[PDB]
file input.csv (CSV, C-alpha atoms and all ligand atoms)
chain,number,residue,atom,x,y,z
R,3,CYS,CA,113.9,106.5,85.6
R,4,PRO,CA,111.4,106.5,88.5
R,5,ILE,CA,111.7,103.3,90.6
R,6,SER,CA,108.3,101.7,90.9
R,7,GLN,CA,106.8,99.8,93.8
R,8,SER,CA,106.8,95.9,93.9
R,9,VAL,CA,103.4,95.6,92.2
R,10,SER,CA,104.0,92.7,89.8
R,11,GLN,CA,107.3,91.4,91.0
R,12,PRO,CA,105.9,89.6,94.1
R,13,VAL,CA,103.2,87.8,92.1
R,14,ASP,CA,105.7,86.7,89.4
R,15,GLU,CA,108.0,85.4,92.1
R,16,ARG,CA,105.3,83.2,93.7
R,17,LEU,CA,106.4,83.2,97.4
R,18,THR,CA,103.6,84.9,99.2
R,19,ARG,CA,101.9,82.7,101.8
R,20,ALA,CA,100.4,85.5,103.9
R,21,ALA,CA,99.1,89.0,103.4
R,22,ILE,CA,97.6,91.9,105.3
R,23,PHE,CA,95.2,94.4,103.8
R,24,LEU,CA,95.1,97.5,106.0
R,25,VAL,CA,92.7,100.3,104.9
R,26,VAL,CA,92.8,103.5,107.1
R,27,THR,CA,91.5,107.0,107.1
R,28,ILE,CA,93.5,110.1,108.1
R,29,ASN,CA,92.0,111.9,111.2
R,30,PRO,CA,91.3,115.7,110.9
R,31,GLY,CA,94.2,118.0,111.5
R,32,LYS,CA,97.6,118.8,110.1
R,33,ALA,CA,99.7,116.7,112.5
R,34,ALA,CA,98.0,113.7,111.0
R,35,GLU,CA,99.1,114.8,107.5
R,36,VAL,CA,102.7,115.4,108.8
R,37,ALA,CA,102.8,111.9,110.4
R,38,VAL,CA,101.5,110.3,107.2
R,39,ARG,CA,104.1,112.1,105.2
R,40,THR,CA,106.9,111.0,107.5
R,41,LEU,CA,105.7,107.4,107.1
R,42,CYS,CA,105.7,107.9,103.4
R,43,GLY,CA,109.3,109.0,103.6
R,44,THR,CA,110.5,106.1,105.8
R,45,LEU,CA,108.3,103.2,104.6
R,46,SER,CA,111.0,101.6,102.3
R,47,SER,CA,113.6,101.7,105.1
R,48,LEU,CA,111.0,100.2,107.5
R,49,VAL,CA,110.3,97.3,105.0
R,50,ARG,CA,114.1,96.7,104.7
R,51,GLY,CA,114.6,96.7,108.4
R,52,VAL,CA,111.8,94.3,109.1
R,53,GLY,CA,112.4,91.9,106.3
R,54,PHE,CA,116.2,91.8,105.7
R,55,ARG,CA,117.3,89.4,108.3
R,56,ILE,CA,114.8,86.7,107.1
R,57,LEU,CA,116.4,85.0,104.1
R,58,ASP,CA,113.6,84.0,101.7
R,59,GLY,CA,111.0,86.0,103.6
R,60,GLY,CA,109.7,87.8,100.6
R,61,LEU,CA,108.3,90.7,102.5
R,62,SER,CA,106.9,93.6,100.5
R,63,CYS,CA,104.5,96.4,101.1
R,64,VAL,CA,102.5,98.5,98.6
R,65,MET,CA,101.0,101.9,99.7
R,66,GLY,CA,98.2,103.5,97.9
R,67,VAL,CA,96.4,106.8,98.4
R,68,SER,CA,92.8,107.5,97.5
R,69,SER,CA,91.3,110.7,95.9
R,70,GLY,CA,90.4,112.2,99.3
R,71,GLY,CA,93.8,111.2,100.7
R,72,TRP,CA,95.6,112.8,97.7
R,73,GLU,CA,93.5,116.0,98.1
R,74,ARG,CA,94.5,116.2,101.8
R,75,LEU,CA,98.2,115.2,101.7
R,76,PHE,CA,99.5,116.5,98.4
R,77,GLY,CA,98.4,119.3,96.0
R,78,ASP,CA,95.9,119.4,93.1
R,79,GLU,CA,98.1,117.8,90.3
R,80,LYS,CA,96.1,114.7,90.9
R,81,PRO,CA,96.8,111.6,88.7
R,82,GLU,CA,94.7,111.3,85.6
R,83,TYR,CA,92.3,108.6,86.7
R,84,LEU,CA,92.3,109.1,90.4
R,85,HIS,CA,88.7,109.5,91.5
R,86,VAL,CA,86.2,108.1,94.0
R,87,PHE,CA,85.2,104.5,93.1
R,88,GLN,CA,81.6,104.5,91.8
R,89,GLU,CA,79.0,102.1,93.1
R,90,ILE,CA,77.3,99.6,90.7
R,91,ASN,CA,73.7,98.8,90.7
R,92,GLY,CA,72.7,95.9,88.4
R,93,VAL,CA,71.6,92.3,89.2
R,94,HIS,CA,74.0,92.7,92.1
R,95,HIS,CA,75.2,95.6,94.1
R,96,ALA,CA,78.9,96.8,94.4
R,97,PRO,CA,79.1,99.3,97.2
R,98,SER,CA,81.6,102.2,97.5
R,99,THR,CA,83.2,102.3,101.0
R,100,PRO,CA,85.5,104.8,102.6
R,101,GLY,CA,89.3,104.6,102.9
R,102,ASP,CA,92.2,107.0,102.4
R,103,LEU,CA,95.4,104.9,102.7
R,104,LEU,CA,95.9,101.3,101.7
R,105,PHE,CA,98.8,99.0,102.8
R,106,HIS,CA,99.1,95.7,101.0
R,107,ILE,CA,101.7,93.7,102.9
R,108,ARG,CA,102.7,90.3,101.5
R,109,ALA,CA,105.2,87.8,102.8
R,110,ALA,CA,106.1,84.1,102.8
R,111,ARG,CA,105.3,84.1,106.5
R,112,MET,CA,102.7,85.7,108.7
R,113,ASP,CA,105.0,87.1,111.4
R,114,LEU,CA,106.7,89.4,108.9
R,115,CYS,CA,103.4,90.9,107.8
R,116,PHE,CA,102.3,91.1,111.5
R,117,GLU,CA,105.5,92.9,112.5
R,118,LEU,CA,105.4,95.3,109.5
R,119,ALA,CA,101.8,96.2,110.2
R,120,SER,CA,102.6,96.7,113.9
R,121,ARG,CA,105.5,99.0,113.0
R,122,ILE,CA,103.3,101.0,110.5
R,123,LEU,CA,100.5,101.4,113.0
R,124,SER,CA,102.8,102.4,115.8
R,125,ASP,CA,104.5,105.1,113.7
R,126,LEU,CA,101.1,106.5,112.9
R,127,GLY,CA,99.5,106.6,116.4
R,128,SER,CA,96.2,108.4,116.5
R,129,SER,CA,96.8,110.3,113.2
R,130,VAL,CA,94.8,107.5,111.4
R,131,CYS,CA,91.7,105.4,112.1
R,132,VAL,CA,91.4,101.8,110.9
R,133,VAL,CA,88.6,101.0,108.5
R,134,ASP,CA,89.5,97.5,107.3
R,135,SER,CA,92.1,95.0,108.4
R,136,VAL,CA,92.2,91.6,106.8
R,137,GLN,CA,94.7,88.7,107.2
R,138,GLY,CA,94.8,86.4,104.2
R,139,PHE,CA,96.4,83.0,103.6
R,140,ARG,CA,97.2,80.7,100.7
R,141,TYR,CA,94.6,77.9,100.3
R,142,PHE,CA,96.4,74.8,99.2
R,143,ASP,CA,97.8,74.9,95.6
R,144,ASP,CA,96.8,78.5,94.9
R,145,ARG,CA,93.0,77.9,95.2
R,146,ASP,CA,90.3,80.1,96.5
R,147,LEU,CA,87.6,79.0,99.0
R,148,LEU,CA,85.5,77.9,96.0
R,149,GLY,CA,88.0,75.1,95.1
R,150,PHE,CA,89.3,76.5,91.9
R,151,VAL,CA,92.9,77.5,91.1
R,152,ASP,CA,93.0,81.3,90.9
R,153,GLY,CA,95.6,83.4,89.2
R,154,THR,CA,96.5,81.1,86.2
R,155,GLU,CA,95.8,83.8,83.6
R,156,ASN,CA,97.7,86.6,85.2
R,157,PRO,CA,100.2,88.3,82.8
R,158,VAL,CA,103.8,87.7,83.6
R,159,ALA,CA,107.1,89.6,83.3
R,160,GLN,CA,106.9,92.3,80.6
R,161,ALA,CA,103.2,91.6,80.1
R,162,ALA,CA,102.5,92.4,83.7
R,163,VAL,CA,104.8,95.5,83.5
R,164,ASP,CA,102.8,96.9,80.6
R,165,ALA,CA,99.6,95.9,82.3
R,166,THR,CA,100.2,97.8,85.5
R,167,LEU,CA,102.7,100.6,85.3
R,168,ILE,CA,101.6,104.0,83.9
R,169,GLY,CA,103.5,105.1,80.8
R,170,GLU,CA,104.0,108.5,79.2
R,171,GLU,CA,100.2,109.0,78.9
R,172,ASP,CA,100.5,110.7,82.3
R,173,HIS,CA,104.2,111.6,82.1
R,174,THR,CA,104.2,113.1,85.6
R,175,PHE,CA,103.1,109.9,87.3
R,176,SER,CA,104.9,107.4,85.0
R,177,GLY,CA,105.8,104.3,86.9
R,178,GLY,CA,102.7,104.5,89.2
R,179,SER,CA,99.6,102.3,89.0
R,180,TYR,CA,96.0,102.1,90.0
R,181,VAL,CA,94.4,99.5,92.2
R,182,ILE,CA,90.8,98.5,93.1
R,183,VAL,CA,90.1,96.5,96.2
R,184,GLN,CA,86.9,94.6,97.0
R,185,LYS,CA,86.0,92.3,99.9
R,186,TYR,CA,83.7,89.3,99.3
R,187,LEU,CA,81.9,87.0,101.6
R,188,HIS,CA,81.1,83.5,100.4
R,189,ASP,CA,78.2,81.0,101.1
R,190,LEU,CA,80.1,77.8,100.7
R,191,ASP,CA,77.0,75.7,101.5
R,192,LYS,CA,75.1,77.1,98.5
R,193,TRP,CA,78.2,76.8,96.4
R,194,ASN,CA,78.9,73.2,97.3
R,195,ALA,CA,75.3,72.2,96.6
R,196,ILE,CA,76.0,72.9,92.9
R,197,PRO,CA,77.6,70.0,91.0
R,198,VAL,CA,81.2,70.1,89.9
R,199,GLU,CA,80.5,70.2,86.1
R,200,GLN,CA,78.1,73.1,86.6
R,201,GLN,CA,80.5,75.0,88.8
R,202,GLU,CA,83.0,74.5,86.0
R,203,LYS,CA,80.7,76.0,83.5
R,204,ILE,CA,80.2,78.9,85.9
R,205,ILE,CA,84.0,79.4,86.1
R,206,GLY,CA,85.1,78.3,82.7
R,207,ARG,CA,87.9,75.9,83.7
R,208,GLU,CA,88.2,72.4,85.2
R,209,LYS,CA,88.3,72.1,88.9
R,210,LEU,CA,90.9,69.5,89.7
R,211,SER,CA,93.1,69.7,86.6
R,212,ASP,CA,92.9,73.6,86.2
R,213,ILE,CA,92.5,73.3,82.4
R,214,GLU,CA,90.5,75.9,80.5
R,215,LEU,CA,87.3,74.6,79.0
R,216,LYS,CA,86.9,74.5,75.2
R,217,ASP,CA,85.1,77.5,73.9
R,218,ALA,CA,82.2,75.4,72.7
R,219,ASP,CA,81.2,74.1,76.1
R,220,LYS,CA,81.3,77.4,78.0
R,221,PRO,CA,78.3,79.6,78.6
R,222,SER,CA,78.2,83.3,77.8
R,223,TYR,CA,78.0,84.0,81.6
R,224,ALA,CA,81.3,82.1,82.3
R,225,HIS,CA,83.4,84.1,84.7
R,226,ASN,CA,86.6,84.0,82.6
R,227,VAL,CA,84.4,85.0,79.6
R,228,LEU,CA,82.8,88.1,81.1
R,229,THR,CA,86.2,89.1,82.5
R,230,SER,CA,87.9,88.8,79.1
R,231,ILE,CA,87.7,92.3,77.5
R,232,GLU,CA,89.4,93.8,74.4
R,233,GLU,CA,90.6,97.2,73.3
R,234,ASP,CA,91.0,97.9,69.6
R,235,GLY,CA,90.7,94.1,68.9
R,236,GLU,CA,93.6,93.2,71.3
R,237,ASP,CA,93.3,91.4,74.6
R,238,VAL,CA,94.1,93.6,77.6
R,239,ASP,CA,95.1,92.3,81.0
R,240,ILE,CA,94.9,93.3,84.7
R,241,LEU,CA,96.9,91.9,87.5
R,242,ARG,CA,95.1,90.1,90.4
R,243,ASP,CA,96.3,88.9,93.8
R,244,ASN,CA,93.0,87.6,95.3
R,245,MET,CA,93.5,86.2,98.8
R,246,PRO,CA,91.3,83.8,100.8
R,247,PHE,CA,90.5,84.8,104.4
R,248,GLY,CA,88.1,84.1,107.2
R,249,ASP,CA,87.5,82.6,110.6
R,250,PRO,CA,85.7,79.3,110.9
R,251,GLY,CA,84.8,80.0,114.6
R,252,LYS,CA,82.7,83.0,113.5
R,253,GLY,CA,81.5,81.6,110.2
R,254,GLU,CA,83.4,84.0,107.8
R,255,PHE,CA,84.8,82.5,104.6
R,256,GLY,CA,85.8,85.2,102.1
R,257,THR,CA,88.0,86.3,99.2
R,258,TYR,CA,89.8,89.7,99.1
R,259,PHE,CA,89.9,90.9,95.5
R,260,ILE,CA,92.8,93.3,94.6
R,261,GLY,CA,93.3,94.3,91.0
R,262,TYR,CA,96.1,96.4,89.5
R,263,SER,CA,95.8,98.3,86.3
R,264,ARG,CA,97.5,101.2,84.5
R,265,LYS,CA,94.0,102.2,83.4
R,266,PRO,CA,91.3,101.6,86.0
R,267,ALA,CA,88.5,101.6,83.4
R,268,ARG,CA,89.5,98.1,82.4
R,269,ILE,CA,88.7,96.9,85.9
R,270,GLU,CA,85.5,98.9,86.0
R,271,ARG,CA,84.5,97.4,82.6
R,272,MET,CA,85.0,93.9,84.0
R,273,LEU,CA,83.0,94.9,87.1
R,274,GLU,CA,80.1,96.2,84.9
R,275,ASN,CA,80.1,93.0,82.8
R,276,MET,CA,79.9,91.0,86.1
R,277,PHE,CA,77.4,93.0,88.2
R,278,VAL,CA,75.2,94.2,85.4
R,279,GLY,CA,75.8,91.7,82.6
R,280,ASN,CA,77.2,91.5,79.0
R,281,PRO,CA,74.7,91.7,77.6
R,282,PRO,CA,72.6,93.3,80.5
R,283,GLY,CA,71.0,90.7,82.7
R,284,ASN,CA,73.6,88.1,81.7
R,285,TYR,CA,75.5,88.6,85.0
R,286,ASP,CA,78.0,86.5,86.8
R,287,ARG,CA,76.8,83.6,88.9
R,288,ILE,CA,79.8,83.7,91.2
R,289,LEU,CA,78.0,86.7,92.7
R,290,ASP,CA,75.1,84.3,93.6
R,291,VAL,CA,77.3,83.0,96.4
R,292,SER,CA,79.7,85.9,96.8
R,293,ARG,CA,78.7,89.2,98.4
R,294,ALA,CA,80.8,92.3,97.9
R,295,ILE,CA,80.9,94.5,101.0
R,296,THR,CA,83.8,97.0,100.3
R,297,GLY,CA,85.2,98.6,97.2
R,298,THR,CA,87.8,101.4,96.9
R,299,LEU,CA,90.2,102.8,94.3
R,300,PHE,CA,93.7,103.9,95.1
R,301,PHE,CA,96.6,105.4,93.2
R,302,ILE,CA,100.0,103.7,93.7
R,303,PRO,CA,102.9,106.1,93.4
R,304,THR,CA,106.5,105.3,92.7
R,305,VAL,CA,109.1,104.4,95.3
R,306,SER,CA,111.1,107.5,94.1
R,307,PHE,CA,108.1,109.7,94.7
R,308,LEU,CA,107.4,108.3,98.1
R,309,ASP,CA,111.1,108.6,99.3
R,310,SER,CA,111.3,112.2,98.2
R,311,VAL,CA,108.2,113.2,100.2
R,312,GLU,CA,109.0,115.8,103.0
R,313,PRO,CA,106.8,116.1,106.1
R,314,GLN,CA,106.8,119.9,105.7
R,315,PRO,CA,105.6,120.3,109.3
W,401,LIG,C1,86.9,93.1,88.3
W,401,LIG,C2,87.4,91.9,87.8
W,401,LIG,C3,87.3,90.6,88.6
W,401,LIG,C4,86.7,90.3,89.7
W,401,LIG,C5,85.8,91.2,90.6
W,401,LIG,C6,86.9,88.9,90.0
W,401,LIG,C7,86.4,88.2,91.1
W,401,LIG,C8,86.6,86.9,91.3
W,401,LIG,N1,87.3,86.0,90.6
W,401,LIG,FE1,88.1,86.4,88.7
W,401,LIG,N2,87.7,88.4,89.0
W,401,LIG,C9,87.9,89.4,88.1
W,401,LIG,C10,88.7,89.2,87.0
W,401,LIG,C11,89.2,88.0,86.5
W,401,LIG,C12,90.0,87.9,85.3
W,401,LIG,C13,90.5,89.1,84.4
W,401,LIG,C14,90.3,86.6,85.1
W,401,LIG,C15,91.2,86.1,84.0
W,401,LIG,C16,90.3,85.4,83.0
W,401,LIG,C17,90.9,85.1,81.6
W,401,LIG,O1,90.6,84.2,81.0
W,401,LIG,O2,91.8,85.9,81.3
W,401,LIG,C18,89.7,85.9,86.2
W,401,LIG,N3,89.1,86.8,87.0
W,401,LIG,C19,89.8,84.5,86.4
W,401,LIG,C20,89.4,83.8,87.5
W,401,LIG,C21,89.5,82.4,87.8
W,401,LIG,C22,90.2,81.2,87.0
W,401,LIG,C23,91.3,81.6,86.0
W,401,LIG,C24,92.5,82.3,86.6
W,401,LIG,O3,92.6,82.2,87.9
W,401,LIG,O4,93.2,82.9,85.9
W,401,LIG,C25,89.0,82.2,89.0
W,401,LIG,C26,88.9,80.8,89.7
W,401,LIG,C27,88.5,83.4,89.5
W,401,LIG,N4,88.7,84.4,88.6
W,401,LIG,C28,87.8,83.6,90.7
W,401,LIG,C29,87.3,84.7,91.2
W,401,LIG,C30,86.5,84.9,92.4
W,401,LIG,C31,86.3,83.7,93.4
W,401,LIG,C32,86.1,86.2,92.5
W,401,LIG,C33,85.3,86.9,93.6
W,401,LIG,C34,84.7,86.3,94.6
call {"tool": "encode", "arguments": {"input": "input.csv", "output": "structure tokens"}}
result
Amino acid sequence: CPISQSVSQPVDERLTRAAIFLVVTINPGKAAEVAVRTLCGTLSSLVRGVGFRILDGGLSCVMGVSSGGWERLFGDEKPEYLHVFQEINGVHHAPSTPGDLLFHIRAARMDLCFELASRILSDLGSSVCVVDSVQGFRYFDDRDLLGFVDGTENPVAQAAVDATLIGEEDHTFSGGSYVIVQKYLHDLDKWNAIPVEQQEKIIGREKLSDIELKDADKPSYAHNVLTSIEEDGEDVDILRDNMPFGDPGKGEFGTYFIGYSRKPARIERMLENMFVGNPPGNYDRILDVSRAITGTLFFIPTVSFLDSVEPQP
């Protein structure tokens, strides 16, 4: 019974007000690998020591390793679907960006995420380099910077469990997960020029009430239509924790997309229906105002696997 990381629990609890998305690369050498392995061993204790004193702080961290990271830190028994994220070239472009380790810190307060990130980066020193750091907040009643409530159709409880955790199909890595992270930059002027009823056709739901539109009055290119895929005639779900971010003083207004799935082809199928179209050409108009700048795939091991990792200096 491998204990799994808090992948779906935080979302289902609904207490995250702040998040930090740290993407780093391991520097060349073996001391770097030893330091990373020591952090893998002590990460759960670090999270407990940072977040225990704060009642209702809801601190949690999720660590993920990419394909290159895995190759360099562990052996060759790679997980089944751990590979380099593939760039997409359709009506819109989805780039593939570097990154070896991913830390997804969430808490009901910013200082907990800040302190955990500081502790993680101080225990790593020069063994790593930072490729992406992003501080995200909750925008009003779970809305994104486009004004729509995001996360309504996320699976909950057992549904999220079967959506994210790997089963017997890869018996060695049962309890793990896969994640795909993308960073978007929005043009809110262009988005706000469009009327509300049209934006609601583009999304598929109502703006203020957050009610799904009836199937008759939604276009084929509705976002919640192109992201609704089926396997063997049954609906399949992924788990999303998209987070708004930005700085008004520099002009940055963006959304960090993070998607969890036991099978990463589901997320890639959604990404192909969006950037290329389903049918081709019939792409997603959110991409008209949203630009993707990063994209990476990570494998999320179990807590049991992480705690049993030895530095082997
Ligand atoms: C690779 C997949 C994927 C990407 C990328 C993605 C990118 C984005 N999304 Fe969005 N989104 C994806 C997959 C979904 C799903 C699976 C659903 C659920 C639809 C359903 O009916 O089951 C969804 N998105 C649904 C939504 C909804 C409304 C319903 C809900 O929250 O459940 C909103 C407002 C939304 N998104 C916004 C956005 C924005 C904004 C971006 C990027 C800028």
call {"tool": "residues_near_ligand", "arguments": {"input": "input.csv", "ligand": "ligand LIG 401 (chain W)", "cutoff": "6 Å", "atoms": "all atoms listed in the file", "output": "count of residues only"}}
result
16
call {"tool": "residues_around", "arguments": {"input": "input.csv", "residues": "stretch 48-55 of chain R", "least_positions_apart": "3", "cutoff": "10 Å", "atoms": "only C-alpha atoms", "output": "list in words"}}
result
residues 41, 43, 44, 45, 58, 59, 60, 61, 62, 63, 107, 109, 114, 115, 117, 118, 121 and 122 of chain R
call {"tool": "residues_around", "arguments": {"input": "input.csv", "residues": "residue R:265", "least_positions_apart": "6", "cutoff": "8 Å", "atoms": "all atoms listed in the file", "output": "number ranges by chain"}}
result
R: 83, 166, 168, 179-180
call {"tool": "atom_distance", "arguments": {"input": "input.csv", "atom1": "atom CA of residue R:249", "atom2": "atom CA of residue R:143"}}
result
19.8 Å
call {"tool": "atom_distance", "arguments": {"input": "input.csv", "atom1": "atom CA of residue R:204", "atom2": "atom CA of residue R:297"}}
result
23.3 Å
call {"tool": "closest_residue", "arguments": {"input": "input.csv", "among": "R:298, R:99, R:291, R:92", "to": "residue R:195", "atoms": "all atoms listed in the file"}}
result
R:291
call {"tool": "atom_distance", "arguments": {"input": "input.csv", "atom1": "atom CA of residue R:295", "atom2": "atom CA of residue R:253"}}
result
15.9 Å
call {"tool": "residues_near_point", "arguments": {"input": "input.csv", "point": "(84.4, 107.3, 107.3)", "cutoff": "8 Å", "atoms": "all atoms listed in the file", "output": "number ranges by chain"}}
result
R: 27, 100-101, 133
call {"tool": "write_last_selection", "arguments": {"input": "input.csv", "atoms": "C-alpha atoms", "output": "mmCIF file, in the coordinates of the input"}}
result
data_model
loop_
_atom_site.group_PDB
_atom_site.id
_atom_site.type_symbol
_atom_site.label_atom_id
_atom_site.label_comp_id
_atom_site.auth_asym_id
_atom_site.auth_seq_id
_atom_site.Cartn_x
_atom_site.Cartn_y
_atom_site.Cartn_z
ATOM 1 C CA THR R 27 91.500 107.000 107.100
ATOM 2 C CA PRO R 100 85.500 104.800 102.600
ATOM 3 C CA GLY R 101 89.300 104.600 102.900
ATOM 4 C CA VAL R 133 88.600 101.000 108.500
#
call {"tool": "residues_near_point", "arguments": {"input": "input.csv", "point": "(94.8, 88.7, 89.8)", "cutoff": "10 Å", "atoms": "only C-alpha atoms", "output": "list in words"}}
result
residues 13, 152, 153, 154, 155, 156, 157, 239, 240, 241, 242, 243, 244, 245, 259, 260, 261 and 262 of chain R
call {"tool": "write_last_selection", "arguments": {"input": "input.csv", "atoms": "C-alpha atoms", "output": "mmCIF file, in the frame of the given file"}}
result
data_model
loop_
_atom_site.group_PDB
_atom_site.id
_atom_site.type_symbol
_atom_site.label_atom_id
_atom_site.label_comp_id
_atom_site.auth_asym_id
_atom_site.auth_seq_id
_atom_site.Cartn_x
_atom_site.Cartn_y
_atom_site.Cartn_z
ATOM 1 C CA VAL R 13 103.200 87.800 92.100
ATOM 2 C CA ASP R 152 93.000 81.300 90.900
ATOM 3 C CA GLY R 153 95.600 83.400 89.200
ATOM 4 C CA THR R 154 96.500 81.100 86.200
ATOM 5 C CA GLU R 155 95.800 83.800 83.600
ATOM 6 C CA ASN R 156 97.700 86.600 85.200
ATOM 7 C CA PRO R 157 100.200 88.300 82.800
ATOM 8 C CA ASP R 239 95.100 92.300 81.000
ATOM 9 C CA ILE R 240 94.900 93.300 84.700
ATOM 10 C CA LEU R 241 96.900 91.900 87.500
ATOM 11 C CA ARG R 242 95.100 90.100 90.400
ATOM 12 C CA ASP R 243 96.300 88.900 93.800
ATOM 13 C CA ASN R 244 93.000 87.600 95.300
ATOM 14 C CA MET R 245 93.500 86.200 98.800
ATOM 15 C CA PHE R 259 89.900 90.900 95.500
ATOM 16 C CA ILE R 260 92.800 93.300 94.600
ATOM 17 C CA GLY R 261 93.300 94.300 91.000
ATOM 18 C CA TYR R 262 96.100 96.400 89.500
#
